[PDB]
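**Student:** sharing an experimental structure here, sequence included.
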Amino acid sequence: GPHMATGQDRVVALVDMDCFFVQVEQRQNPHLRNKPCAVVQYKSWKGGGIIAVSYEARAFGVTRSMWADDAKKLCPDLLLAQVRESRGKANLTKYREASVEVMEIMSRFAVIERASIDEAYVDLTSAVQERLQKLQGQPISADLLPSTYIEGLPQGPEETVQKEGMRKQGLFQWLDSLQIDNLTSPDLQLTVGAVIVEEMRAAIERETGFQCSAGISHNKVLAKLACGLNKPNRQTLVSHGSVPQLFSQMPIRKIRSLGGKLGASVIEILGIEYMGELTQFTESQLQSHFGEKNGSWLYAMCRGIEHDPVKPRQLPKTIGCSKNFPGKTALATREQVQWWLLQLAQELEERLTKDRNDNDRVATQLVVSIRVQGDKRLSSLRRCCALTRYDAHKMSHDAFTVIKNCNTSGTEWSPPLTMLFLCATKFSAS
DNA sequence: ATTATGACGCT
DNA sequence: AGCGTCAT
Ligand SMILES: Nc1ncnc2c1ncn2[C@H]1C[C@H](O)[C@@H](COP(=O)(O)NP(=O)(O)OP(=O)(O)O)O1
Ligand SMILES: [Mg+2]
Ligand SMILES: [Mg+2]
(Lines give C-alpha, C1' and ligand atoms only; values in the text may rest on other atoms or scores of the structure.)
(Ligands and ions follow the chains in the order given, each with its own letter.)
Protein backbone atom coordinates (compact mmCIF):
# COMPACT_ATOMS: atom_id res chain seq x y z
CA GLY A 1 0.00 0.00 0.00
CA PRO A 2 2.73 2.31 1.20
CA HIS A 3 4.91 0.84 -1.57
CA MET A 4 2.48 0.94 -4.56
CA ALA A 5 3.41 3.55 -7.15
CA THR A 6 0.43 5.68 -8.20
CA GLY A 7 1.89 7.41 -11.26
CA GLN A 8 1.56 10.84 -9.59
CA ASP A 9 5.29 11.87 -9.76
CA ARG A 10 5.06 14.38 -12.69
CA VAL A 11 2.98 17.14 -14.05
CA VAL A 12 2.56 16.86 -17.79
CA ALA A 13 0.46 18.78 -20.26
CA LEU A 14 -0.43 18.35 -23.91
CA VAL A 15 -1.25 21.55 -25.84
CA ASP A 16 -2.98 21.11 -29.19
CA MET A 17 -4.06 23.89 -31.56
CA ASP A 18 -7.74 24.13 -32.46
CA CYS A 19 -8.52 23.50 -36.18
CA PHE A 20 -4.92 24.59 -36.68
CA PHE A 21 -4.53 24.96 -40.48
CA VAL A 22 -7.86 26.79 -40.56
CA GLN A 23 -6.78 29.28 -37.89
CA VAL A 24 -3.59 29.93 -39.85
CA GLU A 25 -5.66 30.83 -42.95
CA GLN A 26 -8.20 32.85 -40.81
CA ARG A 27 -5.47 34.94 -39.27
CA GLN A 28 -4.19 35.77 -42.76
CA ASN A 29 -7.66 36.30 -44.30
CA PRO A 30 -10.04 38.05 -41.82
CA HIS A 31 -13.00 37.31 -44.14
CA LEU A 32 -12.75 33.64 -43.03
CA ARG A 33 -12.88 34.31 -39.27
CA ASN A 34 -15.82 32.93 -37.25
CA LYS A 35 -17.29 31.19 -40.28
CA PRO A 36 -17.76 27.65 -41.39
CA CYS A 37 -14.39 27.15 -43.16
CA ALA A 38 -12.11 24.34 -44.31
CA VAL A 39 -8.66 23.96 -45.74
CA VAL A 40 -8.31 21.82 -48.88
CA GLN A 41 -5.60 20.52 -51.15
CA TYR A 42 -5.78 19.82 -54.97
CA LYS A 43 -9.02 21.57 -56.01
CA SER A 44 -9.23 19.79 -59.44
CA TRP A 45 -10.51 16.42 -58.08
CA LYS A 46 -13.96 16.71 -56.45
CA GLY A 47 -13.18 20.25 -55.34
CA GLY A 48 -10.17 19.07 -53.34
CA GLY A 49 -9.52 17.00 -50.22
CA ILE A 50 -10.34 18.59 -46.86
CA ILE A 51 -7.49 18.48 -44.32
CA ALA A 52 -8.82 20.86 -41.60
CA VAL A 53 -12.26 22.06 -40.54
CA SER A 54 -13.48 24.99 -38.45
CA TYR A 55 -15.76 24.21 -35.55
CA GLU A 56 -18.58 26.20 -37.23
CA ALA A 57 -18.24 23.84 -40.25
CA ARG A 58 -18.12 20.69 -37.98
CA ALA A 59 -21.61 21.58 -36.77
CA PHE A 60 -22.83 20.76 -40.33
CA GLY A 61 -21.03 17.39 -40.32
CA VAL A 62 -18.01 18.47 -42.38
CA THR A 63 -14.95 16.35 -41.59
CA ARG A 64 -11.38 15.67 -42.63
CA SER A 65 -10.86 13.41 -45.68
CA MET A 66 -14.13 14.56 -47.11
CA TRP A 67 -14.20 15.90 -50.67
CA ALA A 68 -14.93 19.63 -50.85
CA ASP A 69 -17.71 19.02 -53.40
CA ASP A 70 -19.28 16.64 -50.93
CA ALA A 71 -18.71 19.01 -47.97
CA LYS A 72 -20.57 21.79 -49.86
CA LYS A 73 -23.61 19.49 -50.00
CA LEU A 74 -23.75 19.43 -46.15
CA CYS A 75 -22.75 23.08 -45.81
CA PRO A 76 -23.62 25.27 -48.83
CA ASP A 77 -21.94 28.40 -47.36
CA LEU A 78 -18.72 26.60 -46.46
CA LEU A 79 -15.72 28.80 -47.17
CA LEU A 80 -12.46 27.25 -48.37
CA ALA A 81 -8.77 27.99 -48.29
CA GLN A 82 -6.31 26.14 -50.57
CA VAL A 83 -3.00 24.81 -49.51
CA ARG A 84 -0.16 26.42 -51.47
CA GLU A 85 1.12 24.34 -54.39
CA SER A 86 4.74 24.33 -55.55
CA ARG A 87 6.36 22.13 -58.14
CA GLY A 88 3.11 20.27 -58.65
CA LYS A 89 2.70 19.30 -54.99
CA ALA A 90 1.22 20.59 -51.78
CA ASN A 91 3.54 22.94 -49.93
CA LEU A 92 2.96 23.04 -46.13
CA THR A 93 5.56 25.75 -45.33
CA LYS A 94 2.98 28.27 -44.07
CA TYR A 95 1.75 25.84 -41.44
CA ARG A 96 5.30 24.77 -40.41
CA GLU A 97 6.25 28.41 -39.85
CA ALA A 98 3.08 28.96 -37.82
CA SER A 99 3.97 25.84 -35.84
CA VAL A 100 7.38 27.32 -35.07
CA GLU A 101 5.71 30.46 -33.68
CA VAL A 102 3.76 28.40 -31.19
CA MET A 103 6.54 25.96 -30.25
CA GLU A 104 8.91 28.86 -29.50
CA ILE A 105 6.41 30.39 -27.09
CA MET A 106 5.81 27.09 -25.27
CA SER A 107 9.61 26.46 -24.94
CA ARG A 108 9.89 29.64 -22.80
CA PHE A 109 7.84 28.00 -20.01
CA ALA A 110 9.32 24.49 -19.89
CA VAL A 111 10.90 21.56 -21.66
CA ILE A 112 8.70 20.39 -24.51
CA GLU A 113 8.45 17.48 -26.84
CA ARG A 114 7.16 18.34 -30.28
CA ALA A 115 4.53 15.69 -31.01
CA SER A 116 3.03 16.95 -34.27
CA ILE A 117 2.87 20.09 -36.36
CA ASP A 118 0.16 21.42 -33.98
CA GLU A 119 0.91 19.92 -30.48
CA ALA A 120 3.59 19.44 -27.91
CA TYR A 121 3.96 17.79 -24.52
CA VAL A 122 5.19 19.88 -21.65
CA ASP A 123 6.97 18.66 -18.57
CA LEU A 124 5.81 21.10 -15.85
CA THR A 125 7.10 19.20 -12.80
CA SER A 126 9.96 21.63 -12.09
CA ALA A 127 7.94 24.75 -12.96
CA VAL A 128 5.19 23.68 -10.54
CA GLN A 129 7.69 23.23 -7.71
CA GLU A 130 9.07 26.68 -8.34
CA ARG A 131 5.62 28.25 -8.41
CA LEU A 132 4.65 26.41 -5.21
CA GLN A 133 7.69 27.90 -3.50
CA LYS A 134 6.90 31.38 -4.96
CA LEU A 135 3.55 31.54 -3.31
CA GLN A 136 3.63 30.13 0.17
CA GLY A 137 0.17 29.28 1.45
CA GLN A 138 -1.43 31.39 -1.21
CA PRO A 139 -4.78 29.77 -1.96
CA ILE A 140 -5.63 29.37 -5.63
CA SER A 141 -8.46 31.56 -6.88
CA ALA A 142 -10.92 30.47 -9.60
CA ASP A 143 -9.90 33.61 -11.52
CA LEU A 144 -6.51 31.95 -12.06
CA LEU A 145 -8.33 29.12 -14.01
CA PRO A 146 -10.87 30.90 -16.27
CA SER A 147 -10.90 28.23 -19.02
CA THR A 148 -10.23 25.02 -16.98
CA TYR A 149 -12.50 22.00 -16.52
CA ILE A 150 -12.00 19.50 -13.77
CA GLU A 151 -12.90 16.11 -15.26
CA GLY A 152 -15.48 14.28 -13.14
CA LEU A 153 -16.88 17.38 -11.43
CA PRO A 154 -19.27 18.76 -10.44
CA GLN A 155 -20.72 15.83 -8.56
CA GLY A 156 -23.69 15.62 -6.19
CA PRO A 157 -26.26 18.41 -5.71
CA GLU A 158 -29.61 25.68 -11.93
CA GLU A 159 -26.57 27.44 -13.30
CA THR A 160 -25.63 23.91 -14.26
CA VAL A 161 -28.17 23.88 -17.08
CA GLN A 162 -25.51 25.75 -19.12
CA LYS A 163 -21.91 24.54 -19.84
CA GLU A 164 -20.06 27.46 -18.21
CA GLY A 165 -22.19 26.95 -15.13
CA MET A 166 -21.15 23.28 -15.02
CA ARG A 167 -17.51 24.26 -15.51
CA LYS A 168 -17.54 26.78 -12.67
CA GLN A 169 -19.37 24.55 -10.23
CA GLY A 170 -16.93 21.75 -10.88
CA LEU A 171 -13.99 24.09 -10.48
CA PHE A 172 -15.39 25.49 -7.21
CA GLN A 173 -15.87 21.98 -5.81
CA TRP A 174 -12.31 21.15 -6.73
CA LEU A 175 -10.83 24.36 -5.37
CA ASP A 176 -12.91 24.16 -2.22
CA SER A 177 -11.48 20.72 -1.57
CA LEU A 178 -7.85 21.65 -2.31
CA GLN A 179 -5.50 21.96 0.62
CA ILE A 180 -2.91 24.63 -0.25
CA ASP A 181 -1.14 23.28 2.74
CA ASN A 182 1.02 20.32 1.81
CA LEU A 183 3.27 21.21 -1.10
CA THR A 184 3.39 17.51 -2.17
CA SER A 185 -0.30 16.75 -2.88
CA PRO A 186 -0.37 15.52 -6.48
CA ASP A 187 -3.75 17.20 -6.90
CA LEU A 188 -2.30 20.51 -5.80
CA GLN A 189 0.61 20.06 -8.18
CA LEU A 190 -1.79 19.42 -11.09
CA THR A 191 -3.75 22.54 -10.16
CA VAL A 192 -0.63 24.69 -10.20
CA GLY A 193 0.31 23.06 -13.50
CA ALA A 194 -3.10 24.11 -14.79
CA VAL A 195 -2.50 27.69 -13.74
CA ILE A 196 0.77 27.72 -15.64
CA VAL A 197 -0.95 26.20 -18.71
CA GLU A 198 -3.54 28.98 -18.63
CA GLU A 199 -0.63 31.44 -18.74
CA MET A 200 0.97 29.51 -21.57
CA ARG A 201 -2.27 29.34 -23.55
CA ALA A 202 -2.81 33.09 -22.92
CA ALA A 203 0.68 33.84 -24.24
CA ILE A 204 0.14 31.78 -27.38
CA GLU A 205 -3.14 33.49 -28.18
CA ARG A 206 -1.70 36.99 -27.43
CA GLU A 207 1.46 36.48 -29.42
CA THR A 208 0.09 34.51 -32.42
CA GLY A 209 -3.65 35.08 -32.48
CA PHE A 210 -4.17 31.27 -32.35
CA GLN A 211 -6.43 29.53 -29.82
CA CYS A 212 -5.64 26.11 -28.44
CA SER A 213 -6.75 23.50 -25.98
CA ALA A 214 -4.75 21.57 -23.36
CA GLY A 215 -4.83 18.62 -21.04
CA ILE A 216 -3.02 18.53 -17.70
CA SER A 217 -2.37 15.24 -15.92
CA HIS A 218 0.45 13.04 -14.53
CA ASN A 219 1.56 11.52 -17.84
CA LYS A 220 1.39 11.97 -21.63
CA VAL A 221 -1.43 9.53 -22.39
CA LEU A 222 -3.78 11.07 -19.81
CA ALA A 223 -2.77 14.60 -20.83
CA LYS A 224 -3.50 13.86 -24.48
CA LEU A 225 -6.86 12.29 -23.63
CA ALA A 226 -7.78 15.22 -21.38
CA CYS A 227 -6.98 17.74 -24.13
CA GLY A 228 -9.76 16.45 -26.33
CA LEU A 229 -12.47 16.33 -23.59
CA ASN A 230 -13.39 20.03 -23.86
CA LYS A 231 -12.07 21.35 -27.17
CA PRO A 232 -12.14 24.04 -28.47
CA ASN A 233 -10.40 26.86 -26.55
CA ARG A 234 -10.55 25.07 -23.15
CA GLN A 235 -8.19 23.08 -20.91
CA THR A 236 -9.01 20.01 -18.87
CA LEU A 237 -7.40 18.71 -15.67
CA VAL A 238 -7.50 14.90 -15.31
CA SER A 239 -6.54 13.86 -11.80
CA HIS A 240 -5.45 10.42 -10.73
CA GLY A 241 -8.68 10.11 -8.77
CA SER A 242 -10.84 10.81 -11.90
CA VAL A 243 -9.41 7.81 -13.80
CA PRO A 244 -11.65 4.94 -12.58
CA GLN A 245 -14.92 6.73 -13.53
CA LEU A 246 -13.42 8.19 -16.70
CA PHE A 247 -12.04 4.82 -17.89
CA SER A 248 -15.22 2.93 -16.94
CA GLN A 249 -17.01 3.95 -20.21
CA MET A 250 -14.00 4.94 -22.28
CA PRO A 251 -13.67 2.91 -25.47
CA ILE A 252 -10.25 1.26 -25.72
CA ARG A 253 -9.59 2.86 -29.16
CA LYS A 254 -9.63 6.37 -27.67
CA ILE A 255 -6.32 5.83 -25.79
CA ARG A 256 -3.11 6.80 -27.52
CA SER A 257 -1.48 3.87 -29.38
CA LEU A 258 -4.64 1.73 -29.05
CA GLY A 259 -6.43 3.20 -32.09
CA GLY A 260 -5.13 0.43 -34.43
CA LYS A 261 -4.60 -3.34 -34.59
CA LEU A 262 -3.35 -3.72 -30.99
CA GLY A 263 -6.47 -2.02 -29.63
CA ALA A 264 -8.68 -4.20 -31.81
CA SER A 265 -6.85 -7.29 -30.53
CA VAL A 266 -7.29 -6.19 -26.98
CA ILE A 267 -11.03 -5.90 -27.50
CA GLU A 268 -11.25 -9.11 -29.53
CA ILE A 269 -9.05 -11.38 -27.43
CA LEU A 270 -10.26 -10.23 -23.97
CA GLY A 271 -13.93 -9.65 -24.93
CA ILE A 272 -14.05 -6.15 -23.37
CA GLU A 273 -14.95 -2.62 -24.71
CA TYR A 274 -13.71 -0.07 -22.13
CA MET A 275 -10.30 0.81 -20.80
CA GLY A 276 -11.34 0.24 -17.18
CA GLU A 277 -12.21 -3.44 -17.85
CA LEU A 278 -8.47 -4.09 -18.31
CA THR A 279 -7.96 -3.86 -14.50
CA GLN A 280 -9.38 -7.33 -13.93
CA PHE A 281 -6.42 -9.02 -15.68
CA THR A 282 -3.01 -9.79 -14.18
CA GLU A 283 0.11 -8.28 -15.69
CA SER A 284 1.26 -11.77 -16.76
CA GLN A 285 -2.07 -12.44 -18.52
CA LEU A 286 -1.79 -9.22 -20.50
CA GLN A 287 1.83 -9.93 -21.29
CA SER A 288 0.87 -13.38 -22.54
CA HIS A 289 -1.62 -12.01 -25.07
CA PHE A 290 0.12 -8.80 -26.22
CA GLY A 291 3.80 -9.27 -25.39
CA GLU A 292 6.06 -8.16 -22.51
CA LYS A 293 6.20 -4.47 -23.36
CA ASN A 294 2.55 -4.02 -24.39
CA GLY A 295 1.30 -6.16 -21.49
CA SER A 296 3.17 -4.19 -18.89
CA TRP A 297 2.11 -0.90 -20.49
CA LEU A 298 -1.55 -1.92 -20.51
CA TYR A 299 -1.49 -3.12 -16.93
CA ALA A 300 -0.18 0.21 -15.70
CA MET A 301 -2.16 2.39 -18.20
CA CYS A 302 -5.62 1.05 -17.34
CA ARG A 303 -4.79 2.23 -13.76
CA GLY A 304 -3.88 5.74 -15.03
CA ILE A 305 -0.16 5.11 -14.83
CA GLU A 306 2.42 5.65 -17.55
CA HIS A 307 6.14 6.46 -17.42
CA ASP A 308 7.03 7.56 -20.96
CA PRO A 309 9.19 10.70 -20.49
CA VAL A 310 8.60 13.99 -22.16
CA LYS A 311 11.67 14.07 -24.46
CA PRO A 312 13.55 17.28 -24.75
CA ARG A 313 13.16 17.60 -28.52
CA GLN A 314 11.72 20.62 -30.37
CA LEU A 315 13.14 19.76 -33.76
CA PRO A 316 12.02 17.01 -36.10
CA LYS A 317 14.41 14.03 -36.43
CA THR A 318 13.77 13.75 -40.14
CA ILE A 319 12.78 16.03 -43.00
CA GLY A 320 10.73 14.60 -45.86
CA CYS A 321 8.69 15.27 -49.03
CA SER A 322 6.13 12.90 -50.57
CA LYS A 323 3.55 12.74 -53.34
CA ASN A 324 0.83 10.15 -54.15
CA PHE A 325 -0.12 9.31 -57.80
CA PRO A 326 -3.57 7.63 -57.45
CA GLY A 327 -5.41 5.55 -59.93
CA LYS A 328 -4.80 6.49 -63.56
CA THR A 329 -2.08 9.04 -62.65
CA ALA A 330 0.34 6.37 -61.40
CA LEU A 331 3.78 6.95 -62.87
CA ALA A 332 4.40 4.67 -65.85
CA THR A 333 7.53 6.09 -67.52
CA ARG A 334 11.16 6.46 -66.50
CA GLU A 335 11.19 10.14 -67.37
CA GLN A 336 8.11 10.71 -65.27
CA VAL A 337 9.72 9.07 -62.32
CA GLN A 338 12.92 11.09 -62.68
CA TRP A 339 11.02 14.40 -63.06
CA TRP A 340 8.95 13.90 -59.92
CA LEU A 341 12.04 12.82 -57.98
CA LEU A 342 13.62 16.04 -59.04
CA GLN A 343 10.61 18.04 -57.86
CA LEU A 344 10.68 16.34 -54.46
CA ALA A 345 14.47 16.78 -54.19
CA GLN A 346 14.17 20.51 -54.93
CA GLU A 347 11.66 21.06 -52.16
CA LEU A 348 13.77 18.94 -49.85
CA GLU A 349 16.90 20.90 -50.70
CA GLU A 350 15.14 24.14 -49.72
CA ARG A 351 13.91 22.80 -46.45
CA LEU A 352 17.30 21.24 -45.60
CA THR A 353 19.24 24.37 -46.40
CA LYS A 354 17.01 26.37 -44.14
CA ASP A 355 17.29 23.73 -41.45
CA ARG A 356 21.08 23.85 -41.57
CA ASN A 357 21.12 27.66 -41.12
CA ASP A 358 18.48 27.70 -38.34
CA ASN A 359 19.53 24.62 -36.36
CA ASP A 360 23.31 24.07 -36.89
CA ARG A 361 22.92 20.54 -38.22
CA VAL A 362 23.16 18.51 -41.41
CA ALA A 363 21.36 15.37 -42.56
CA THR A 364 23.67 12.53 -43.57
CA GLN A 365 21.32 9.92 -45.07
CA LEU A 366 18.71 9.94 -47.82
CA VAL A 367 15.89 7.45 -47.69
CA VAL A 368 13.75 6.84 -50.75
CA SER A 369 10.42 5.07 -50.51
CA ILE A 370 8.01 4.07 -53.25
CA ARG A 371 4.58 2.54 -53.45
CA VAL A 372 3.66 0.31 -56.36
CA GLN A 373 0.22 0.06 -57.85
CA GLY A 374 -1.99 -2.48 -56.12
CA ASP A 375 -0.01 -2.27 -52.90
CA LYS A 376 -2.08 -1.06 -49.89
CA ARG A 377 1.01 -0.46 -47.71
CA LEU A 378 2.30 3.08 -47.20
CA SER A 379 5.66 1.96 -48.54
CA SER A 380 6.26 -0.89 -50.98
CA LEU A 381 10.03 -0.50 -50.75
CA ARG A 382 12.67 1.60 -48.99
CA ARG A 383 16.26 2.19 -50.03
CA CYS A 384 18.94 4.55 -48.76
CA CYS A 385 22.13 6.25 -49.72
CA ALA A 386 24.58 8.82 -48.37
CA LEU A 387 23.45 12.41 -48.30
CA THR A 388 26.75 14.26 -48.78
CA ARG A 389 25.55 17.42 -50.55
CA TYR A 390 22.44 19.55 -50.34
CA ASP A 391 22.10 19.43 -54.10
CA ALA A 392 18.72 18.66 -55.60
CA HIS A 393 20.14 17.29 -58.81
CA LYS A 394 22.51 14.97 -56.93
CA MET A 395 19.78 13.86 -54.52
CA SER A 396 17.21 13.05 -57.24
CA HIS A 397 19.85 11.24 -59.32
CA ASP A 398 21.05 9.18 -56.32
CA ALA A 399 17.44 8.35 -55.39
CA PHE A 400 16.79 7.07 -58.89
CA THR A 401 20.02 5.08 -58.82
CA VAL A 402 18.88 3.29 -55.65
CA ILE A 403 15.36 2.34 -56.91
CA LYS A 404 15.87 2.05 -60.74
CA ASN A 405 16.22 -1.73 -60.64
CA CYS A 406 12.68 -1.97 -59.24
CA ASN A 407 11.52 -1.42 -62.81
CA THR A 408 10.48 -4.76 -64.35
CA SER A 409 10.27 -3.66 -68.01
CA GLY A 410 10.10 -0.91 -70.57
CA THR A 411 11.53 3.98 -71.39
CA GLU A 412 8.55 2.38 -69.66
CA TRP A 413 8.27 1.92 -65.95
CA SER A 414 6.35 -0.98 -64.46
CA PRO A 415 4.75 -1.72 -62.21
CA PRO A 416 3.51 1.93 -62.06
CA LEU A 417 4.32 3.93 -58.89
CA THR A 418 1.53 5.33 -56.77
CA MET A 419 3.87 7.19 -54.38
CA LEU A 420 7.32 8.80 -54.19
CA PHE A 421 8.84 9.78 -50.82
CA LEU A 422 12.21 11.41 -50.07
CA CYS A 423 13.32 11.62 -46.45
CA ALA A 424 16.48 13.21 -45.06
CA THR A 425 17.72 11.58 -41.82
CA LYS A 426 20.62 10.87 -39.47
CA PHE A 427 21.36 14.52 -38.56
CA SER A 428 24.73 15.54 -37.15
CA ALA A 429 25.95 18.85 -35.68
CA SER A 430 27.41 21.47 -38.02
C1' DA B 1 -8.96 8.85 -55.56
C1' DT B 2 -8.19 9.41 -47.87
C1' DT B 3 -2.83 13.17 -48.81
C1' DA B 4 1.51 14.84 -46.69
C1' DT B 5 4.69 13.20 -43.66
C1' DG B 6 6.25 12.19 -38.65
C1' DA B 7 8.08 8.89 -34.61
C1' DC B 8 9.64 4.64 -33.56
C1' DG B 9 9.25 -0.71 -32.69
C1' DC B 10 10.66 -5.32 -34.68
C1' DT B 11 13.80 -8.35 -36.93
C1' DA C 1 19.24 -2.32 -43.36
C1' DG C 2 14.48 -2.73 -44.39
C1' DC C 3 9.68 -3.39 -42.99
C1' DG C 4 5.25 -2.60 -39.93
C1' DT C 5 2.34 0.26 -36.79
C1' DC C 6 0.23 4.31 -35.10
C1' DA C 7 -0.17 8.92 -35.48
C1' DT C 8 -1.82 14.26 -36.96
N1 LIG D 1 -4.64 12.92 -41.56
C2 LIG D 1 -4.12 14.12 -41.87
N3 LIG D 1 -3.57 14.34 -43.06
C4 LIG D 1 -3.03 15.54 -43.42
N5 LIG D 1 -3.00 16.58 -42.53
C6 LIG D 1 -3.53 16.42 -41.31
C7 LIG D 1 -4.13 15.16 -40.93
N8 LIG D 1 -4.59 15.31 -39.64
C9 LIG D 1 -4.30 16.53 -39.24
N10 LIG D 1 -3.63 17.22 -40.27
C11 LIG D 1 -3.11 18.57 -40.24
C12 LIG D 1 -4.26 19.60 -40.43
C13 LIG D 1 -4.66 20.11 -39.04
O14 LIG D 1 -5.20 21.33 -38.86
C15 LIG D 1 -3.32 19.78 -38.32
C16 LIG D 1 -3.61 19.46 -36.83
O17 LIG D 1 -4.22 18.17 -36.53
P18 LIG D 1 -5.25 17.94 -35.44
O19 LIG D 1 -4.79 18.49 -34.31
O20 LIG D 1 -5.52 16.52 -35.47
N21 LIG D 1 -6.57 18.70 -35.91
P22 LIG D 1 -7.05 20.28 -35.84
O23 LIG D 1 -5.99 20.98 -35.28
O24 LIG D 1 -7.27 20.72 -37.02
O25 LIG D 1 -8.44 20.43 -35.04
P26 LIG D 1 -8.59 20.10 -33.52
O27 LIG D 1 -7.35 19.70 -33.00
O28 LIG D 1 -9.18 21.24 -32.91
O29 LIG D 1 -9.49 19.04 -33.44
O30 LIG D 1 -2.58 18.83 -39.03
MG1 LIG E 1 -5.31 20.48 -33.32
MG1 LIG F 1 -3.01 17.75 -33.13
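**Tutor:** The structure has been received and is ready for your questions. Residues are numbered from 1 along each chain as shown, chains lettered A, B, ... in the order given. Ligands and ions are numbered 1, 2, ... in the order given.
**Student:** C-alpha from now on. contacts and neighbour counts both.
**Tutor:** Will do.
**Student:** could you work out the end-to-end span of stretch A:258-278 for me?
**Tutor:** Its start and end residues considered, stretch A:258-278 measures 13 Å (Cα to Cα, to the nearest Å).
**Student:** how about the strands in the stretch 201-350 of chain A?
**Tutor:** Taking DSSP state E, counting those that start in this stretch, the strands of the stretch 201-350 of chain A run over residues A:212-217, A:235-237, A:319-324, A:331-333.
**Student:** which is the next helix or strand following the one helix or strand residue A:126 maps to?
**Tutor:** In this structure, residue A:126 is located in helix A:125-134 according to DSSP states H and E. Sequence order places strand A:148-150 as the next helix or strand after helix A:125-134, per DSSP H and E.
**Student:** what pairs with that following strand, and is each one parallel or antiparallel?
**Tutor:** In the sheet, strand A:148-150 lines up against strand A:235-237 (parallel) (DSSP bridges).
**Student:** what about the nearest residue to residue A:412 once chain neighbours are set aside, how many residues nearby?
**Tutor:** Computed as Cα to Cα, 6 or more residues apart in numbering, the closest residue to residue A:412 that is not its neighbour in sequence is residue A:333, at 4.4 Å. Residues contacting residue A:333 under the criterion other Cα atoms under 10 Å number 17.
**Student:** also the one 5 residues further on?
**Tutor:** Residue A:338 has 15 neighbouring residues, counting by other Cα under 10 Å.
**Student:** now residue A:403
**Tutor:** With other Cα under 10 Å as criterion, residue A:403 counts 16.
**Student:** now it. Nearest residue, chain neighbours left out?
**Tutor:** residue A:383 (6.9 Å).
**Student:** hang on, that neighbour packs against residue A:369?
**Tutor:** Yes - applying Cα atoms under 8 Å, one finds residue A:383 in contact with residue A:369, separated by 6.5 Å.
**Student:** so between the two, which is more surrounded?
**Tutor:** A direct count of neighbours by other Cα under 10 Å for residue A:383 and residue A:369 places residue A:369 higher, at 20 against 13.
**Student:** so which residue is dead centre in chain A?
**Tutor:** residue A:116 (4.2 Å; Cα atoms, centre = their mean).
**Student:** what's across from it in the sheet?
**Tutor:** With DSSP bridges as the rule, residue A:116 is bridged to residue A:119.
**Student:** next up, the contacts around residue A:155.
**Tutor:** residue A:170 (Cα atoms under 8 Å, 6 or more residues apart in numbering).
**Student:** distance of it from residue A:194?
**Tutor:** For residue A:155, the distance to residue A:194 - Cα to Cα - is 20 Å.
**Student:** in terms of secondary structure, what does the lengthiest helix in chain A contact?
**Tutor:** Looking across chain A with DSSP state H, the single longest helix is helix A:334-359. Applying 3 or more Cα pairs under 8 Å, 6 or more residues apart in numbering; DSSP states H and E, we find helix A:334-359 packed against strand A:319-324, strand A:361-372, helix A:392-403, strand A:412-429.
**Student:** try 6 Å this time
**Tutor:** Helix A:334-359 makes packing contacts with helix A:392-403 when contacts are defined by 3 or more Cα pairs under 6 Å, 6 or more residues apart in numbering; DSSP states H and E.
**Student:** contact residues of chain A facing DNA strand C?
**Tutor:** A:116-119, A:253, A:255-263, A:377-385 (Cα under 7 Å from any atom of the strand).
**Student:** of these, select the buried ones using a PyMOL command.
**Tutor:** Buried residues within the residues of chain A next to DNA strand C, by 16 or more other Cα atoms under 10 Å, are selected in PyMOL with:
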select buried, chain A and resi 117+118+119+253+255+258+263+379+380+384
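**Student:** got the domain ranges for chain A?
**Tutor:** A:12-18+A:94-244, A:20-93, A:245-303, A:319-429 (CATH domains of a matching chain).
**Student:** give me phi/psi at the residue of the stretch 151-300 of chain A found nearest ligand 1?
**Tutor:** Among all residues of the stretch 151-300 of chain A, residue A:232 sits closest to ligand 1, at 6.0 Å; criterion: Cα to the nearest ligand atom. The phi and psi values for residue A:232, taken as degrees, to the nearest 10, are phi -100, psi 170.
**Student:** and the closest residue to residue A:201 other than its chain neighbours, what are its bridge partners?
**Tutor:** Spatially, and ignoring its direct neighbours in sequence, residue A:201 is nearest to residue A:212 (6.8 Å; Cα to Cα, 6+ apart). Under DSSP bridges, the beta-bridge partners of residue A:212 are residue A:17.
**Student:** any figure for the gap between residue A:212 and DNA strand B?
**Tutor:** Residue A:212 sits 20 Å away from DNA strand B, taking Cα to the nearest atom of the strand, to the nearest Å as the criterion.
**Student:** residues touching that residue, list them.
**Tutor:** A:16, A:17, A:18, A:233 (Cα atoms under 6 Å, 6 or more residues apart in numbering).
**Student:** near DNA strand B, which residues of the stretch 201-350 of chain A?
**Tutor:** A:293, A:315-324, A:326-329.
**Student:** can you do 6 Å?
**Tutor:** The stretch 201-350 of chain A comes close to DNA strand B at residues A:316-324, A:326-329, as judged by Cα under 6 Å from any atom of the strand.
**Student:** of the residues you listed, grab the buried ones for ChimeraX.
**Tutor:** Listed next is the ChimeraX selection for buried residues among those, using 16+ other Cα under 10 Å:
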select /A:319,320,321,322,323,324
